[PDB]
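Asks: Here's a structure for you.
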Amino acid sequence: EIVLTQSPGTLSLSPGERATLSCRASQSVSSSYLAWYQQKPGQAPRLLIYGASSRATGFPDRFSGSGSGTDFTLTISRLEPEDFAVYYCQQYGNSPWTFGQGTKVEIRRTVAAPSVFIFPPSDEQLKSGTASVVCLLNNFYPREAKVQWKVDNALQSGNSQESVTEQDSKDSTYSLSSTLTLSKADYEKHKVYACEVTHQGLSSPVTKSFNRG
Amino acid sequence: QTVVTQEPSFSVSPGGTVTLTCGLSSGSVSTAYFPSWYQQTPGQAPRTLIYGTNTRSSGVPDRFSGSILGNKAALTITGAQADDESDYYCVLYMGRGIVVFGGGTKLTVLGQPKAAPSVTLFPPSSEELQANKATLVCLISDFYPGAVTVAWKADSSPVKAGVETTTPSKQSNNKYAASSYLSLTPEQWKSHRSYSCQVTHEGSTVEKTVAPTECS
Amino acid sequence: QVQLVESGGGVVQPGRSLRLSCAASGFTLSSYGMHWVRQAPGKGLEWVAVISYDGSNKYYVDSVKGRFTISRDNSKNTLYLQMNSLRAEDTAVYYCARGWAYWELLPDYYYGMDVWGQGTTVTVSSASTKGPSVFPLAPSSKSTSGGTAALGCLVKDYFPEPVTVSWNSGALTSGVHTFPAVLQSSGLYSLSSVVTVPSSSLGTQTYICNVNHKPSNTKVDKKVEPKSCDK
Amino acid sequence: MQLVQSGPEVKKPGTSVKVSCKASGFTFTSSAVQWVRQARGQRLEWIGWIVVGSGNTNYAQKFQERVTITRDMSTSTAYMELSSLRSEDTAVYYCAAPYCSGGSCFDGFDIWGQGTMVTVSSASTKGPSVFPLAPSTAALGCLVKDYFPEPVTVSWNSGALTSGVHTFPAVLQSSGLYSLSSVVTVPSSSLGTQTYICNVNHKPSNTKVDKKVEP
Amino acid sequence: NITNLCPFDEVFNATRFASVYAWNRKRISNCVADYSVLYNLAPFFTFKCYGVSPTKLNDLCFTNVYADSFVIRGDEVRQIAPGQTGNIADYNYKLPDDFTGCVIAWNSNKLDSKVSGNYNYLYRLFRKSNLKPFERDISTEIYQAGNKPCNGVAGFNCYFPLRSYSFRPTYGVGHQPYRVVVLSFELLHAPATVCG
Ligand SMILES: *[C@@H]1O[C@H](CO)[C@@H](O)[C@H](O)[C@H]1NC(C)=O
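Which chain is which? The protein sequence lines are P, N, M, O and B, in order. Those letters in the first sequence? Residues 1 to 27, 27A, 28 to 212, per PDB author numbering, in order. The second sequence begins at 1 in PDB author numbering and counts up by one. The third sequence begins at 1 in PDB author numbering and counts up by one. Those letters in the fourth sequence? Residues 2 to 52, 52A, 53 to 82, 82A to 82C, 83 to 100, 100A to 100F, 101 to 127, 135 to 213, per PDB author numbering, in order. The fifth sequence begins at 331 in PDB author numbering and counts up by one.
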């Protein structure tokens, strides 16, 4: 019933595209028992094409597609800018009416170097909430992100908080940060800190925190 | 085409209360479909149990009740009794000439414990061998329950050709009995040094063997 | 007493035709609708045909459309089922059932059946009718390691069911097991009748098994002797 | 054309739940309604379907029990019943229904809802702890911990200056709490002139926190 | 003169009744009608008429009459009336605006309801039309919302109607089964039938 697992995953494209969206089917689902929903972050998904048959009541033209009883496909050509968001496969006819996974779209841009900087914690941590080190980056292109640390005589990854934002309206650019919370009451066993991030075009940077206290 | 789904089989100790369910794979079941429940003993005619989804047939004991649970027709039985073990069937109605039954459910009451099976094997007779035809008969008797598996070995090698099985049938002693027939030619019956029938019943494995030298 | 008699069952060659008859005692068929429902060994019940109380409409299942007919006779209170273009899958036992009446006015797509008769069996078989084959079944000399030993008669390659087996002209009844026959690859039947007797009885009593087949009108008597593997 | 849901809920983990969908702009004498589940950055899950011809429904394999829906033909609304949902169900519920008028109508679900905020936690709504970030051409910002899941807005003393604002989302912590931040880089080497702010407001319990940032 | 009367007790005192959709349509002819005995019934008794004073009928000599009756859930006994909207009105039974005659309603609480609840009465739900008053409609096909050919699968938008009632043994008068009979006799007096 649920083997949908659409083939397109992470793909980036500039205007002038040949995008193909394809739902797989566990069984031969009858026509007009399919749906494709367009969700935009912050609001409910919208209904555009139902059953690979026809477009919605009022919506942009020039994109529509009909698929087979198991491989349901549609085409996207020369997209207008705001049609960059997730899609969803929706199934009818068979109970339970399970749903799809989701497909994301974006645009190429460069990655080189987001995070040549670092911020040590403030001295008020002696009576503040919790000893957390902030390690920021700006303008990182891909979704994937590997961040590593080197604490003074401490190798533990049980707790680590990282926050990522979405693409930028002006430039379609991602950006994230790591707010690593660690032991606060001690403040003695951990003196040397590091927040290293690696990218193919970034090589091996250096992040040497000044000794605290 | 609509198909009605039912559980294969339940087994419950006497005196308990059990629920039997009949469901629809294509949607919800409403009282408009008018569920009905019937029971059948093999080799006999079925008897009316429940119609109207809450009304018992004439003479039916009050120990059986019918209702609807979610989208499934439900039969509740209180005080399990030995005679109640039987096949049970649901009947559902589609308008004007389409009435469908479920998959059936065999209800069994947990009464007598395991019964030791009895194995008896017969090699082909001399007259039958003279008729250029060979058949070995491995019969099993007095086994309970009927869940049984059979296998045949010749010179410790599995054999699947010429084998025919008989469905277990309940005997007068409240037990089951059946047999297996191995059809082979006299030449290949002489080919192997030994022939064995093996029976598996509730995890119990019994081997029984004869050899051509015994019939020489 | 409300009773239904079904007749006409038997074994027929494929593609032929027959008329199954149902007689009703206790009431008049004109006041009720009738059901024919079949059940195959090893299978579940399957709905076949019905007729309403007025004879206005007739419904069937998709598998049987255009090949069989149902009819009823109010004068003599009879129910006829015409079987045409028979095929092997229809071998089963059929039952005639009686349901609610216009006497009790209930909504349409009538609720069906309350009680039925014994039914009758039909077998669409292409096999020919020929007499049984009878052989003895003597336990091995190494198969007598207990106080009781089993000896019998094996009947095979006969048509059709049923066949009667007796021991010593019915003088022996205790310890007799007549396992049901099964259909083989050839479409024939075979079974074995086995009786258990104690070790002292071997060589002291003469045992004979009698096999009788009505359709072939064949009667055979066969002696049973435990093979003495001497020298 | 108009579909209205309930308001936000900060509710204790484990009694019950009320949720509502009221519809308008079409003939609600015969239609269908759909209920789904959606969490932030998470899969979309099916819950149930109804609508007003007959009480009828089915449920997913994870939700046959402990889930009920009430028709409530009056006022063109329908309700749904920790129900008995575990703590890991801080998700958006939404509403769905097709447009119908006369009996023959569309197949898809075009009318949709807006979302509801249901939150189960320790239930301690207090003024979030707000902390500055002194700068080391440069950058600096504001941090907030013990930062309750209500949408908290941080300004920059002018309701403007969106030239590098970084409003980061919220994630679960060990204590089950939520922390965020907002950091901006300075346009040029002018750290010794002009000052910015960490104005933060809390609307349900109206608490306003104000402070300077300076190295 | 003649001592022969119209057979009416067999209808009013009937072995069983009809269903919500569909009905018996009984014909009476060549007899005298005395509805005075009709006054003898349960105190819960609704007898409201149009076209004639309720008592001045026995002296009349109008044409044939038709008989039909059935049972309805409690509240909407007002909903059945000449020419006003309603789901049962526009889907099961409509009455002409210029109708002459009347209906009789009363309670049947103890005769019908069972402790577990009797499920024997049911009515259509998704008719894609508004049937005229007094035309037969019996059917069992599953309703389709149109659009695409559901093709007898009973899936989405292709619904089987009806949804039979509950008839709980105890309940409020709103959802309490009420027995109603709709009486309709014609006019123009030329095929004079019953009279008095
Ligand atoms: C039905 O029978 C009862 C029992 O005698 C009687 O009292 C009642 O009047 C009858 N109904 C009518 C309409 O006459």
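Positions of the beta carbon are idealized from the N, C-alpha and C atoms, including for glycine.
Let me have the residue list for ligand 1: C-beta closer than 7 Å to any non-hydrogen atom, ordered along the chain.
Replies: B:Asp339, B:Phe342, B:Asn343, B:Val367, B:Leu368, B:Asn370 and B:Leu371
Asks: Any idea what DSSP makes of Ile418 of chain B, helix, strand or coil?
Replies: DSSP places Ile418 of chain B within a helical segment (H, G or I) once states are collapsed to three.
Asks: With distances taken from CA atoms, which of B:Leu452, B:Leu335, B:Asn331 and B:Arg346 is nearest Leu441 of chain B?
Replies: Of all alpha-carbon atoms in B:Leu452, B:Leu335, B:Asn331 and B:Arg346, the one lying nearest the alpha-carbon of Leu441 of chain B is that of B:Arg346.
Asks: On the three-pair Cβ rule with 8 Å, is the stretch 84–98 of chain O touching the stretch 37–47 of chain O?
Replies: As far as the Cβ criterion goes, the stretch 84–98 of chain O touches the stretch 37–47 of chain O, which means the pair count is three or higher.
Asks: According to DSSP, simplified to helix, strand and coil, what is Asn212 of chain M?
Replies: Under the three-state reduction of DSSP, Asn212 of chain M is assigned to strand.
Asks: Would you identify the three-state DSSP class for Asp122 of chain P, choosing helix, strand or coil?
Replies: helix
Asks: Given a limit of 8 Å on CB to CB distance, which residues of the stretch 140–159 of chain O reach chain P?
Replies: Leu141, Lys143 and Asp144
Asks: Whole-angstrom Cβ separation of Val12 of chain N and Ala73 of chain N, contact assumed at under 8 Å?
Replies: No, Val12 of chain N and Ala73 of chain N are not in contact; Cβ-Cβ is about 19 Å, not under 8 Å.
Asks: Got a sec? Which residues, its chain only, sit under 7 Å from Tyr59 of chain M by beta carbon, not counting five neighbours each side?
Replies: Closer than 7 Å at Cβ, skipping near neighbours: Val50.
Asks: Interface residues of chain B around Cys22 of chain O at Cβ under 9 Å?
Replies: None at all; the shortest Cβ gap to chain B is about 19 Å.
Asks: Do you know offhand how far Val163 of chain P's Cα is from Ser177 of chain P's?
Replies: About 9 Å.
Asks: In this structure, how does DSSP classify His164 of chain O when only helix, strand and coil are distinguished?
Replies: Looking at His164 of chain O - three-state DSSP - the assignment turns out to be coil, as it is neither helix nor strand.
Asks: Tell me, which residues are paired with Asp87 of chain N by DSSP?
Replies: Bridge partners of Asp87 of chain N: N:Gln40 and N:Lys106.
Asks: Is the shortest distance between the beta-carbon of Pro117 of chain N and the beta-carbons of chain M less than 8 Å?
Replies: no
Asks: Please say whether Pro35 of chain N and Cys22 of chain N have beta carbons closer to each other than 8 Å?
Replies: yes
Asks: By DSSP's criteria, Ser399 of chain B is part of a beta bridge. Which residues make up the other side?
Replies: B:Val511
Asks: Just to confirm before moving on: does the CB-CB distance between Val109 of chain N and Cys138 of chain N stay below 8 Å?
Replies: Not closer than 8 Å, so no.
Asks: Return the first residue and the last residue of the alpha helix (DSSP H) that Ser192 of chain M is part of.
Replies: Counting along the chain, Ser192 of chain M falls outside any alpha helix (DSSP H), though it belongs to the beta strand (DSSP E) covering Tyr189 to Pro198.
Asks: Who are the neighbours of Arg408 of chain B on chain M, taking C-beta pairs under 7 Å?
Replies: Under the 7 Å cutoff, chain M gives no residues; its nearest Cβ is about 25 Å from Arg408 of chain B.
Asks: Any contact between the stretch 183–192 of chain M and the stretch 152–166 of chain M? By contact I mean 3 or more CB pairs, one from each, below 8 Å.
Replies: yes
Asks: State the start and end residues of the unbroken alpha helix (DSSP H) segment that holds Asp428 of chain B.
Replies: Unbroken run through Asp428 of chain B: none, as it is neither H nor E.
Asks: Would you verify that the beta carbon of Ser76 of chain O is, or is not, closer than 8 Å to some beta carbon of chain B?
Replies: Taking Cβ atoms only, chain B never reaches closer than 8 Å to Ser76 of chain O, which makes this a no.
Asks: Is any heavy atom of ligand 3 found at a distance shorter than 7 Å from the C-beta of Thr205 of chain N?
Replies: The ligand content of the structure shown is limited to ligand 1, which means ligand 3 is not among them.
Asks: Can you tell me whether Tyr51 of chain N is buried or exposed? The criterion is at least 16 other CB atoms within 10 Å of its CB, across all chains shown.
Replies: buried
Asks: Check this for me: beta carbons of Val350 of chain B and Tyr501 of chain B, under 8 Å apart or not?
Replies: no
Asks: Pull out every residue of the stretch 481–511 of chain B whose Cβ sits closer than 7 Å to any Cβ of chain P, in chain order.
Replies: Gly485 and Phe486
Asks: Check for me: the alpha helix (DSSP H) holding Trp189 of chain N runs from which residue to which?
Replies: Going by DSSP, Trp189 of chain N is part of the alpha helix (DSSP H) stretching over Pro186 to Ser191.
Asks: Three-state secondary structure (DSSP) at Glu202 of chain N?
Replies: DSSP places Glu202 of chain N in coil when its eight states are reduced to three.
Asks: So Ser179 of chain N contacts chain M; which residues on that side make the cut at Cβ distance below 8 Å?
Replies: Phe179 and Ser192
Asks: Pull out every residue of the stretch 30–61 of chain P whose Cβ sits closer than 9 Å to any Cβ of chain B, in chain order.
Replies: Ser30, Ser31, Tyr32, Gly50 and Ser52
Asks: With H, G and I counted as helix, E and B as strand and the rest as coil, what does DSSP make of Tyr369 of chain B?
Replies: helix
Asks: Measure the C-alpha to C-alpha separation of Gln171 of chain O and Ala184 of chain P and round it to an integer number of angstroms.
Replies: Answer to the nearest angstrom: the Cα atoms are 18 Å apart.
Asks: Buried or exposed: where does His35 of chain M fall if 16 or more other Cβ atoms within 10 Å of its Cβ makes it buried?
Replies: buried
Asks: Does the distance from the C-beta atom of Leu178 of chain O to that of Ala136 of chain O stay below 8 Å?
Replies: For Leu178 of chain O and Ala136 of chain O, no; Cβs fall outside 8 Å.
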